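>
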Amino acid sequence: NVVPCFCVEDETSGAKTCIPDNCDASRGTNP
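First residue of the sequence shown: 1313, per the working numbering; consecutive thereafter.
1) Look up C1319 in the DSSP assignment and say whether it is helix, strand or coil.
2) Out of curiosity, what's the CA-to-CA distance linking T1324 and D1336?
3) Over what stretch of residues does the alpha helix (DSSP H) that includes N1334 continue unbroken?
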């Protein structure tokens, strides 16, 4: 299964929100 994730940096907080976050946290399968 391919789950395309993207990261958006919130311009207020400066936080990097990756959606879905699980794609950034990664799984057993290494991207």
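From the three backbone atoms N, C-alpha and C, an ideal C-beta is built for every residue, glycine too.
Result, derived from the coordinates:
1) strand
2) 21 Å
3) From DSSP, the alpha helix (DSSP H) with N1334 extends over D1333 to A1337.
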